[PDB]
$ cat entry.txt   # compact mmCIF, N, CA and C atoms
# COMPACT_ATOMS: atom_id res chain seq x y z
N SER T 22 -30.26 -2.74 -12.31
CA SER T 22 -30.42 -1.42 -12.96
C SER T 22 -29.20 -0.98 -13.78
N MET T 23 -29.45 -0.12 -14.76
CA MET T 23 -28.38 0.55 -15.48
C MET T 23 -27.55 1.44 -14.55
N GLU T 24 -28.17 2.06 -13.54
CA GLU T 24 -27.39 2.89 -12.57
C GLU T 24 -26.29 2.06 -11.84
N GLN T 25 -26.67 0.85 -11.39
CA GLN T 25 -25.78 -0.13 -10.74
C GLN T 25 -24.65 -0.56 -11.62
N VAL T 26 -24.96 -0.85 -12.86
CA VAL T 26 -23.93 -1.15 -13.85
C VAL T 26 -22.90 -0.03 -14.05
N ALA T 27 -23.41 1.21 -14.12
CA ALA T 27 -22.54 2.37 -14.37
C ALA T 27 -21.56 2.55 -13.24
N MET T 28 -22.06 2.34 -12.02
CA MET T 28 -21.26 2.41 -10.79
C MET T 28 -20.20 1.36 -10.82
N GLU T 29 -20.58 0.19 -11.30
CA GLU T 29 -19.67 -0.94 -11.43
C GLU T 29 -18.58 -0.73 -12.47
N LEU T 30 -18.93 -0.11 -13.60
CA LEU T 30 -17.94 0.29 -14.59
C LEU T 30 -16.93 1.32 -13.98
N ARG T 31 -17.40 2.25 -13.15
CA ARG T 31 -16.52 3.20 -12.42
C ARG T 31 -15.61 2.47 -11.40
N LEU T 32 -16.12 1.48 -10.66
CA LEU T 32 -15.30 0.69 -9.73
C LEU T 32 -14.26 -0.10 -10.52
N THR T 33 -14.69 -0.69 -11.64
CA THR T 33 -13.74 -1.41 -12.51
C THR T 33 -12.64 -0.52 -13.06
N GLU T 34 -12.98 0.70 -13.43
CA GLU T 34 -11.93 1.59 -13.94
C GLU T 34 -10.97 2.06 -12.85
N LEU T 35 -11.48 2.34 -11.68
CA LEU T 35 -10.64 2.68 -10.53
C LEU T 35 -9.68 1.53 -10.21
N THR T 36 -10.17 0.30 -10.29
CA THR T 36 -9.38 -0.87 -10.01
C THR T 36 -8.26 -1.00 -11.03
N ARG T 37 -8.52 -0.67 -12.29
CA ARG T 37 -7.50 -0.69 -13.37
C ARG T 37 -6.41 0.31 -13.08
N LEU T 38 -6.79 1.53 -12.73
CA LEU T 38 -5.83 2.56 -12.32
C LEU T 38 -5.01 2.20 -11.05
N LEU T 39 -5.69 1.67 -10.03
CA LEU T 39 -5.03 1.34 -8.76
C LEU T 39 -4.02 0.20 -8.91
N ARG T 40 -4.30 -0.74 -9.81
CA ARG T 40 -3.35 -1.79 -10.15
C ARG T 40 -2.03 -1.25 -10.75
N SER T 41 -2.13 -0.34 -11.72
CA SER T 41 -0.95 0.35 -12.22
C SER T 41 -0.24 1.19 -11.12
N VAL T 42 -1.01 1.84 -10.26
CA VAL T 42 -0.42 2.58 -9.15
C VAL T 42 0.36 1.59 -8.25
N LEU T 43 -0.25 0.45 -7.91
CA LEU T 43 0.39 -0.56 -7.08
C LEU T 43 1.70 -1.07 -7.67
N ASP T 44 1.78 -1.19 -8.99
CA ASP T 44 3.03 -1.70 -9.62
C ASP T 44 4.12 -0.67 -9.56
N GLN T 45 3.75 0.57 -9.80
CA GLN T 45 4.69 1.67 -9.66
C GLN T 45 5.24 1.80 -8.25
N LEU T 46 4.36 1.64 -7.25
CA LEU T 46 4.77 1.73 -5.85
C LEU T 46 5.68 0.57 -5.47
N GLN T 47 5.30 -0.61 -5.90
CA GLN T 47 6.06 -1.79 -5.63
C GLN T 47 7.46 -1.73 -6.28
N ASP T 48 7.60 -1.15 -7.48
CA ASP T 48 8.92 -0.96 -8.11
C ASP T 48 9.82 -0.11 -7.24
N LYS T 49 9.26 0.78 -6.42
CA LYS T 49 10.08 1.49 -5.44
C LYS T 49 10.56 0.65 -4.25
N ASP T 50 10.38 -0.68 -4.31
CA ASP T 50 10.77 -1.65 -3.27
C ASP T 50 11.51 -2.77 -3.98
N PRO T 51 12.66 -2.42 -4.63
CA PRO T 51 13.41 -3.47 -5.37
C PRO T 51 13.83 -4.65 -4.49
N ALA T 52 14.23 -4.34 -3.26
CA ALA T 52 14.56 -5.37 -2.22
C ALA T 52 13.44 -6.34 -1.78
N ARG T 53 12.18 -5.97 -2.04
CA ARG T 53 11.01 -6.78 -1.67
C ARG T 53 10.81 -7.00 -0.14
N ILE T 54 11.21 -5.98 0.62
CA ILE T 54 10.97 -5.90 2.04
C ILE T 54 9.45 -5.86 2.36
N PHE T 55 8.63 -5.32 1.44
CA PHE T 55 7.18 -5.11 1.69
C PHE T 55 6.23 -5.97 0.86
N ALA T 56 6.78 -7.03 0.28
CA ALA T 56 6.07 -7.86 -0.68
C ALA T 56 5.06 -8.76 -0.03
N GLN T 57 5.34 -9.20 1.19
CA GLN T 57 4.53 -10.21 1.85
C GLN T 57 4.29 -9.85 3.29
N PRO T 58 3.24 -10.40 3.90
CA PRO T 58 3.08 -10.13 5.32
C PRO T 58 4.31 -10.51 6.16
N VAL T 59 4.53 -9.74 7.21
CA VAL T 59 5.50 -10.16 8.23
C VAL T 59 5.07 -11.53 8.81
N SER T 60 6.04 -12.44 8.85
CA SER T 60 5.80 -13.82 9.29
C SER T 60 5.66 -13.93 10.82
N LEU T 61 4.54 -14.43 11.30
CA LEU T 61 4.37 -14.67 12.74
C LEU T 61 5.18 -15.83 13.24
N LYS T 62 5.54 -16.74 12.34
CA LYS T 62 6.57 -17.71 12.66
C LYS T 62 7.88 -16.98 13.03
N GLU T 63 8.42 -16.17 12.14
CA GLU T 63 9.72 -15.49 12.37
C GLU T 63 9.73 -14.25 13.30
N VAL T 64 8.57 -13.61 13.49
CA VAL T 64 8.43 -12.52 14.47
C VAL T 64 7.18 -12.84 15.27
N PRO T 65 7.31 -13.77 16.26
CA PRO T 65 6.12 -14.22 17.01
C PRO T 65 5.45 -13.11 17.80
N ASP T 66 6.21 -12.11 18.23
CA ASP T 66 5.64 -10.96 18.96
C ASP T 66 4.97 -9.83 18.09
N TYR T 67 4.95 -9.99 16.76
CA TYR T 67 4.66 -8.84 15.88
C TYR T 67 3.35 -8.17 16.23
N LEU T 68 2.33 -8.99 16.41
CA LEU T 68 1.00 -8.48 16.73
C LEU T 68 0.83 -7.76 18.07
N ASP T 69 1.74 -7.96 19.02
CA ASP T 69 1.78 -7.16 20.24
C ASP T 69 2.26 -5.71 19.95
N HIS T 70 3.01 -5.54 18.87
CA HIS T 70 3.57 -4.24 18.47
C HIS T 70 2.69 -3.55 17.46
N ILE T 71 2.25 -4.30 16.46
CA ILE T 71 1.55 -3.74 15.30
C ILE T 71 0.11 -4.28 15.21
N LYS T 72 -0.84 -3.36 15.43
CA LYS T 72 -2.27 -3.75 15.38
C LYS T 72 -2.87 -4.04 14.00
N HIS T 73 -2.44 -3.29 12.99
CA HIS T 73 -2.95 -3.54 11.65
C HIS T 73 -1.77 -3.74 10.65
N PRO T 74 -1.31 -5.01 10.45
CA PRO T 74 -0.26 -5.29 9.48
C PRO T 74 -0.78 -5.10 8.07
N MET T 75 0.15 -4.75 7.19
CA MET T 75 -0.18 -4.59 5.79
C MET T 75 1.09 -4.87 5.04
N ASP T 76 0.89 -5.36 3.81
CA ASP T 76 1.94 -5.64 2.86
C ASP T 76 1.33 -5.52 1.43
N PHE T 77 2.17 -5.58 0.39
CA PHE T 77 1.73 -5.44 -1.00
C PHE T 77 0.90 -6.61 -1.50
N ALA T 78 1.16 -7.82 -1.01
CA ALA T 78 0.40 -8.97 -1.46
C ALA T 78 -1.08 -8.90 -0.99
N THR T 79 -1.26 -8.47 0.24
CA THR T 79 -2.56 -8.35 0.85
C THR T 79 -3.32 -7.17 0.20
N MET T 80 -2.62 -6.13 -0.25
CA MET T 80 -3.22 -5.04 -1.01
C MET T 80 -3.67 -5.57 -2.37
N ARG T 81 -2.81 -6.36 -2.99
CA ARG T 81 -3.15 -6.99 -4.26
C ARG T 81 -4.39 -7.91 -4.17
N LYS T 82 -4.52 -8.73 -3.13
CA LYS T 82 -5.73 -9.57 -2.99
C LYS T 82 -6.98 -8.67 -2.91
N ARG T 83 -6.92 -7.66 -2.06
CA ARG T 83 -8.03 -6.75 -1.90
C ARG T 83 -8.37 -6.04 -3.23
N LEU T 84 -7.34 -5.59 -3.94
CA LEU T 84 -7.48 -4.93 -5.22
C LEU T 84 -8.24 -5.78 -6.20
N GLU T 85 -7.83 -7.03 -6.37
CA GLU T 85 -8.46 -7.95 -7.33
C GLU T 85 -9.88 -8.40 -6.98
N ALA T 86 -10.26 -8.35 -5.70
CA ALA T 86 -11.66 -8.41 -5.31
C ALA T 86 -12.36 -7.05 -5.44
N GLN T 87 -11.73 -6.08 -6.13
CA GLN T 87 -12.22 -4.70 -6.22
C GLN T 87 -12.71 -4.19 -4.89
N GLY T 88 -11.93 -4.41 -3.83
CA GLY T 88 -12.28 -3.96 -2.49
C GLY T 88 -11.81 -2.55 -2.14
N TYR T 89 -11.14 -1.84 -3.06
CA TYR T 89 -10.89 -0.40 -2.82
C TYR T 89 -11.99 0.46 -3.54
N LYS T 90 -12.83 1.11 -2.73
CA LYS T 90 -13.96 1.89 -3.27
C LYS T 90 -13.45 3.24 -3.79
N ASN T 91 -12.41 3.80 -3.13
CA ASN T 91 -11.74 5.05 -3.56
C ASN T 91 -10.21 5.04 -3.37
N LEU T 92 -9.51 6.13 -3.71
CA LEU T 92 -8.06 6.19 -3.57
C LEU T 92 -7.66 6.40 -2.12
N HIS T 93 -8.49 7.09 -1.36
CA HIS T 93 -8.25 7.27 0.08
C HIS T 93 -8.02 5.90 0.78
N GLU T 94 -8.88 4.93 0.47
CA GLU T 94 -8.78 3.57 1.02
C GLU T 94 -7.45 2.87 0.66
N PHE T 95 -7.06 2.98 -0.59
CA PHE T 95 -5.84 2.41 -1.09
C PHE T 95 -4.62 3.05 -0.44
N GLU T 96 -4.64 4.38 -0.27
CA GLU T 96 -3.58 5.12 0.38
C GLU T 96 -3.43 4.83 1.86
N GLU T 97 -4.56 4.71 2.56
CA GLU T 97 -4.57 4.22 3.94
C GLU T 97 -3.74 2.94 4.10
N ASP T 98 -3.95 1.97 3.22
CA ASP T 98 -3.23 0.68 3.26
C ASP T 98 -1.76 0.90 2.94
N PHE T 99 -1.45 1.71 1.93
CA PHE T 99 -0.06 1.99 1.60
C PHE T 99 0.68 2.65 2.75
N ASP T 100 0.06 3.66 3.32
CA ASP T 100 0.61 4.28 4.47
C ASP T 100 0.83 3.34 5.70
N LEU T 101 -0.09 2.40 5.98
CA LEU T 101 0.11 1.37 7.02
C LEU T 101 1.41 0.62 6.76
N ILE T 102 1.69 0.29 5.50
CA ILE T 102 2.94 -0.44 5.20
C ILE T 102 4.14 0.36 5.69
N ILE T 103 4.14 1.65 5.35
CA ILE T 103 5.26 2.51 5.73
C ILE T 103 5.30 2.70 7.22
N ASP T 104 4.14 3.07 7.77
CA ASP T 104 4.04 3.48 9.13
C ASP T 104 4.34 2.34 10.09
N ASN T 105 3.87 1.13 9.80
CA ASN T 105 4.15 -0.04 10.60
C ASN T 105 5.62 -0.31 10.70
N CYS T 106 6.30 -0.19 9.57
CA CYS T 106 7.74 -0.46 9.51
C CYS T 106 8.52 0.57 10.30
N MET T 107 8.16 1.84 10.16
CA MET T 107 8.89 2.87 10.96
C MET T 107 8.65 2.82 12.45
N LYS T 108 7.63 2.10 12.91
CA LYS T 108 7.41 1.93 14.33
C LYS T 108 8.20 0.75 14.87
N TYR T 109 8.03 -0.41 14.23
CA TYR T 109 8.63 -1.66 14.68
C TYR T 109 10.14 -1.62 14.52
N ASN T 110 10.62 -1.11 13.38
CA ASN T 110 12.06 -1.01 13.18
C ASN T 110 12.72 0.33 13.63
N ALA T 111 13.95 0.23 14.13
CA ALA T 111 14.70 1.40 14.52
C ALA T 111 15.26 2.14 13.29
N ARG T 112 15.49 3.42 13.51
CA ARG T 112 16.00 4.35 12.51
C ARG T 112 17.26 3.89 11.74
N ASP T 113 18.20 3.24 12.41
CA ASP T 113 19.45 2.81 11.78
C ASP T 113 19.39 1.46 11.04
N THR T 114 18.20 0.95 10.74
CA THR T 114 18.08 -0.35 10.13
C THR T 114 17.75 -0.21 8.65
N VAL T 115 18.06 -1.29 7.93
CA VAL T 115 17.79 -1.36 6.53
C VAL T 115 16.26 -1.36 6.22
N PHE T 116 15.48 -1.90 7.14
CA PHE T 116 14.03 -1.93 6.97
C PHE T 116 13.47 -0.51 7.09
N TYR T 117 13.89 0.22 8.12
CA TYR T 117 13.40 1.63 8.30
C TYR T 117 13.77 2.50 7.10
N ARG T 118 15.01 2.39 6.65
CA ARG T 118 15.46 3.19 5.53
C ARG T 118 14.75 2.85 4.19
N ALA T 119 14.40 1.58 4.04
CA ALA T 119 13.65 1.14 2.88
C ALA T 119 12.20 1.72 2.88
N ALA T 120 11.61 1.90 4.06
CA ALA T 120 10.29 2.52 4.16
C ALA T 120 10.38 4.03 3.87
N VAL T 121 11.41 4.69 4.39
CA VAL T 121 11.61 6.11 4.10
C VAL T 121 11.69 6.31 2.57
N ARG T 122 12.45 5.47 1.90
CA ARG T 122 12.60 5.62 0.45
C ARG T 122 11.33 5.35 -0.37
N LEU T 123 10.58 4.34 0.05
CA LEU T 123 9.29 3.99 -0.55
C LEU T 123 8.26 5.11 -0.34
N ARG T 124 8.22 5.67 0.86
CA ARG T 124 7.39 6.83 1.15
C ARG T 124 7.70 8.01 0.21
N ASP T 125 8.97 8.39 0.17
CA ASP T 125 9.43 9.52 -0.67
C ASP T 125 9.18 9.36 -2.17
N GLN T 126 9.60 8.22 -2.68
CA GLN T 126 9.32 7.87 -4.06
C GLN T 126 7.84 7.60 -4.37
N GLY T 127 7.13 6.95 -3.45
CA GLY T 127 5.71 6.69 -3.63
C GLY T 127 4.86 7.95 -3.63
N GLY T 128 5.23 8.93 -2.81
CA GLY T 128 4.53 10.24 -2.73
C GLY T 128 4.38 11.00 -4.06
N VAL T 129 5.31 10.75 -4.98
CA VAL T 129 5.31 11.35 -6.33
C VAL T 129 4.23 10.66 -7.18
N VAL T 130 4.26 9.32 -7.19
CA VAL T 130 3.28 8.51 -7.92
C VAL T 130 1.85 8.89 -7.47
N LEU T 131 1.65 8.90 -6.17
CA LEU T 131 0.36 9.20 -5.57
C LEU T 131 -0.10 10.66 -5.78
N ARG T 132 0.86 11.59 -5.89
CA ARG T 132 0.54 13.00 -6.12
C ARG T 132 -0.22 13.17 -7.46
N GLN T 133 0.17 12.38 -8.47
CA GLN T 133 -0.46 12.41 -9.81
C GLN T 133 -1.68 11.49 -9.90
N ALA T 134 -1.58 10.27 -9.35
CA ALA T 134 -2.75 9.39 -9.28
C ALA T 134 -3.98 10.12 -8.65
N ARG T 135 -3.78 10.98 -7.64
CA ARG T 135 -4.89 11.76 -7.04
C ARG T 135 -5.51 12.73 -8.06
N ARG T 136 -4.68 13.25 -8.97
CA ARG T 136 -5.17 14.10 -10.07
C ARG T 136 -5.90 13.24 -11.11
N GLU T 137 -5.36 12.06 -11.46
CA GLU T 137 -6.02 11.13 -12.42
C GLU T 137 -7.41 10.58 -11.97
N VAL T 138 -7.55 10.28 -10.68
CA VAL T 138 -8.82 9.81 -10.11
C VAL T 138 -9.89 10.93 -10.05
N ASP T 139 -9.47 12.15 -9.69
CA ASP T 139 -10.30 13.38 -9.83
C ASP T 139 -10.65 13.62 -11.30
N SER T 140 -9.60 13.80 -12.11
CA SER T 140 -9.69 14.11 -13.55
C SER T 140 -10.61 13.11 -14.29
N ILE T 141 -10.29 11.82 -14.25
CA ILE T 141 -11.12 10.78 -14.91
C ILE T 141 -12.45 10.47 -14.19
N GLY T 142 -12.58 10.83 -12.91
CA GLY T 142 -13.83 10.65 -12.17
C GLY T 142 -14.06 9.21 -11.80
$ encode --input "entry.txt" --output "structure tokens"
Amino acid sequence: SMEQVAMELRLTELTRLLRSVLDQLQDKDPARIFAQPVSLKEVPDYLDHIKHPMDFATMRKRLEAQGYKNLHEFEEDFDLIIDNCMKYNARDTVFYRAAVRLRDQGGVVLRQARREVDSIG
């Protein structure tokens, strides 16, 4: 149907916007602490601590399969990245501080992206 196509054009446009949002967010991680999943080789206990791991690469795979239906879904994943790190790592570590900074800087990008997704529909 033409209705199905139109919905698909809307998913495609959201995916275009979310990709630019992802690059902006990722630029707030110059150190690349959040670029890839935490290694179960190097942190064998990770899954006993963190039930839902997330990283930017895994967000990118999902994005390119157009697996984010809305911005809420994309934000949930971004927040897991931050939130997982602030749980597993202690306050005085470089990892915890890098999540605090990504959260703060990312919150600005997302404040406007929420207006763009509403605005453009």
$ residues_around --input "entry.txt" --residues "residue 99 (chain T)" --least-positions-apart "5" --cutoff "10 Å" --atoms "only C-alpha atoms" --output "list in words"
residues 43, 46, 75, 76, 77, 80, 93, 94, 104, 123, 124 and 127 of chain T
$ residues_around --input "entry.txt" --residues "residue 55 (chain T)" --least-positions-apart "3" --cutoff "8 Å" --atoms "all atoms listed in the file" --output "MDAnalysis selection string"
chainID T and resid 47 50:52 58:59 75:79 102
$ residues_around --input "entry.txt" --residues "residue 120 (chain T)" --least-positions-apart "6" --cutoff "7 Å" --atoms "all atoms listed in the file" --output "PDB file with N, CA and C atoms, in the coordinates of the input"
ATOM      1  N   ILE T 102       1.690   0.290   5.500  1.00  0.00           N
ATOM      2  CA  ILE T 102       2.940  -0.440   5.200  1.00  0.00           C
ATOM      3  C   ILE T 102       4.140   0.360   5.690  1.00  0.00           C
ATOM      4  N   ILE T 103       4.140   1.650   5.350  1.00  0.00           N
ATOM      5  CA  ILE T 103       5.260   2.510   5.730  1.00  0.00           C
ATOM      6  C   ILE T 103       5.300   2.700   7.220  1.00  0.00           C
ATOM      7  N   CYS T 106       6.300  -0.190   9.570  1.00  0.00           N
ATOM      8  CA  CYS T 106       7.740  -0.460   9.510  1.00  0.00           C
ATOM      9  C   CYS T 106       8.520   0.570  10.300  1.00  0.00           C
ATOM     10  N   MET T 107       8.160   1.840  10.160  1.00  0.00           N
ATOM     11  CA  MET T 107       8.890   2.870  10.960  1.00  0.00           C
ATOM     12  C   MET T 107       8.650   2.820  12.450  1.00  0.00           C
TER      13      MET T 107
END
$ atom_distance --input "entry.txt" --atom1 "CA of residue 98 (chain T)" --atom2 "CA of residue 24 (chain T)"
29.0 Å
$ select_by_dssp --input "entry.txt" --residues "chain T" --states "alpha helix (DSSP H)" --output "MDAnalysis selection string"
chainID T and resid 23:48 67:70 77:85 92:109 115:141
$ closest_residue --input "entry.txt" --among "T:132, T:126, T:61, T:139" --to "residue 45 (chain T)" --atoms "only N, CA and C atoms"
T:126
$ atom_distance --input "entry.txt" --atom1 "CA of residue 96 (chain T)" --atom2 "CA of residue 109 (chain T)"
20.0 Å
$ atom_distance --input "entry.txt" --atom1 "atom N of residue 36 (chain T)" --atom2 "atom N of residue 141 (chain T)"
12.2 Å
$ closest_residue --input "entry.txt" --among "T:40, T:92, T:60, T:49" --to "residue 135 (chain T)" --atoms "only N, CA and C atoms"
T:92
$ closest_residue --input "entry.txt" --among "T:31, T:72, T:81, T:108" --to "residue 121 (chain T)" --atoms "only C-alpha atoms"
T:108
$ decode --input "entry.txt" --residues "region 89-113 of chain T" --atoms "N, CA and C atoms" --output "PDB file, in the first residue's frame"
ATOM      1  N   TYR T  89      15.314   1.865  15.222  1.00  0.00           N
ATOM      2  CA  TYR T  89      14.697   2.849  16.154  1.00  0.00           C
ATOM      3  C   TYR T  89      13.378   3.418  15.531  1.00  0.00           C
ATOM      4  N   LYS T  90      12.256   3.063  16.150  1.00  0.00           N
ATOM      5  CA  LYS T  90      10.936   3.461  15.628  1.00  0.00           C
ATOM      6  C   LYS T  90      10.654   4.921  16.005  1.00  0.00           C
ATOM      7  N   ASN T  91      11.141   5.359  17.180  1.00  0.00           N
ATOM      8  CA  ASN T  91      11.040   6.768  17.644  1.00  0.00           C
ATOM      9  C   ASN T  91      12.304   7.272  18.385  1.00  0.00           C
ATOM     10  N   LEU T  92      12.303   8.522  18.859  1.00  0.00           N
ATOM     11  CA  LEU T  92      13.459   9.086  19.556  1.00  0.00           C
ATOM     12  C   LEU T  92      13.549   8.553  20.977  1.00  0.00           C
ATOM     13  N   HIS T  93      12.403   8.260  21.581  1.00  0.00           N
ATOM     14  CA  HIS T  93      12.381   7.642  22.920  1.00  0.00           C
ATOM     15  C   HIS T  93      13.265   6.375  22.964  1.00  0.00           C
ATOM     16  N   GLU T  94      13.124   5.521  21.956  1.00  0.00           N
ATOM     17  CA  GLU T  94      13.912   4.282  21.836  1.00  0.00           C
ATOM     18  C   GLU T  94      15.431   4.545  21.748  1.00  0.00           C
ATOM     19  N   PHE T  95      15.800   5.498  20.929  1.00  0.00           N
ATOM     20  CA  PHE T  95      17.176   5.891  20.743  1.00  0.00           C
ATOM     21  C   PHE T  95      17.773   6.470  22.018  1.00  0.00           C
ATOM     22  N   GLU T  96      16.999   7.293  22.738  1.00  0.00           N
ATOM     23  CA  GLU T  96      17.407   7.877  23.998  1.00  0.00           C
ATOM     24  C   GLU T  96      17.565   6.870  25.125  1.00  0.00           C
ATOM     25  N   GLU T  97      16.639   5.922  25.209  1.00  0.00           N
ATOM     26  CA  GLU T  97      16.780   4.774  26.103  1.00  0.00           C
ATOM     27  C   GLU T  97      18.156   4.113  25.985  1.00  0.00           C
ATOM     28  N   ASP T  98      18.599   3.861  24.757  1.00  0.00           N
ATOM     29  CA  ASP T  98      19.905   3.223  24.493  1.00  0.00           C
ATOM     30  C   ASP T  98      21.034   4.164  24.901  1.00  0.00           C
ATOM     31  N   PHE T  99      20.923   5.450  24.561  1.00  0.00           N
ATOM     32  CA  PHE T  99      21.958   6.408  24.946  1.00  0.00           C
ATOM     33  C   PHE T  99      22.091   6.513  26.453  1.00  0.00           C
ATOM     34  N   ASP T 100      20.973   6.638  27.125  1.00  0.00           N
ATOM     35  CA  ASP T 100      20.986   6.629  28.544  1.00  0.00           C
ATOM     36  C   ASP T 100      21.577   5.343  29.209  1.00  0.00           C
ATOM     37  N   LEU T 101      21.318   4.144  28.664  1.00  0.00           N
ATOM     38  CA  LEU T 101      21.960   2.906  29.129  1.00  0.00           C
ATOM     39  C   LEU T 101      23.474   3.049  29.086  1.00  0.00           C
ATOM     40  N   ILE T 102      24.002   3.663  28.024  1.00  0.00           N
ATOM     41  CA  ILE T 102      25.464   3.841  27.940  1.00  0.00           C
ATOM     42  C   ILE T 102      25.970   4.604  29.148  1.00  0.00           C
ATOM     43  N   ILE T 103      25.289   5.717  29.445  1.00  0.00           N
ATOM     44  CA  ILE T 103      25.695   6.563  30.562  1.00  0.00           C
ATOM     45  C   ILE T 103      25.499   5.845  31.869  1.00  0.00           C
ATOM     46  N   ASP T 104      24.285   5.317  32.035  1.00  0.00           N
ATOM     47  CA  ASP T 104      23.857   4.775  33.276  1.00  0.00           C
ATOM     48  C   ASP T 104      24.650   3.534  33.667  1.00  0.00           C
ATOM     49  N   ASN T 105      24.956   2.663  32.713  1.00  0.00           N
ATOM     50  CA  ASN T 105      25.771   1.485  32.956  1.00  0.00           C
ATOM     51  C   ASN T 105      27.125   1.840  33.476  1.00  0.00           C
ATOM     52  N   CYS T 106      27.724   2.860  32.877  1.00  0.00           N
ATOM     53  CA  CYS T 106      29.066   3.292  33.262  1.00  0.00           C
ATOM     54  C   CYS T 106      29.077   3.881  34.654  1.00  0.00           C
ATOM     55  N   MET T 107      28.084   4.707  34.969  1.00  0.00           N
ATOM     56  CA  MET T 107      28.043   5.269  36.348  1.00  0.00           C
ATOM     57  C   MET T 107      27.744   4.277  37.450  1.00  0.00           C
ATOM     58  N   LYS T 108      27.260   3.084  37.112  1.00  0.00           N
ATOM     59  CA  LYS T 108      27.043   2.052  38.095  1.00  0.00           C
ATOM     60  C   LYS T 108      28.306   1.232  38.320  1.00  0.00           C
ATOM     61  N   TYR T 109      28.867   0.715  37.219  1.00  0.00           N
ATOM     62  CA  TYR T 109      30.019  -0.182  37.258  1.00  0.00           C
ATOM     63  C   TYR T 109      31.259   0.557  37.724  1.00  0.00           C
ATOM     64  N   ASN T 110      31.470   1.774  37.211  1.00  0.00           N
ATOM     65  CA  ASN T 110      32.630   2.552  37.641  1.00  0.00           C
ATOM     66  C   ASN T 110      32.390   3.507  38.861  1.00  0.00           C
ATOM     67  N   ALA T 111      33.416   3.647  39.689  1.00  0.00           N
ATOM     68  CA  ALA T 111      33.360   4.554  40.812  1.00  0.00           C
ATOM     69  C   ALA T 111      33.513   6.018  40.364  1.00  0.00           C
ATOM     70  N   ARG T 112      32.977   6.886  41.190  1.00  0.00           N
ATOM     71  CA  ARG T 112      32.971   8.331  40.993  1.00  0.00           C
ATOM     72  C   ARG T 112      34.335   8.970  40.641  1.00  0.00           C
ATOM     73  N   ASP T 113      35.422   8.507  41.265  1.00  0.00           N
ATOM     74  CA  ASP T 113      36.752   9.085  41.036  1.00  0.00           C
ATOM     75  C   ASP T 113      37.513   8.539  39.813  1.00  0.00           C
TER      76      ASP T 113
END
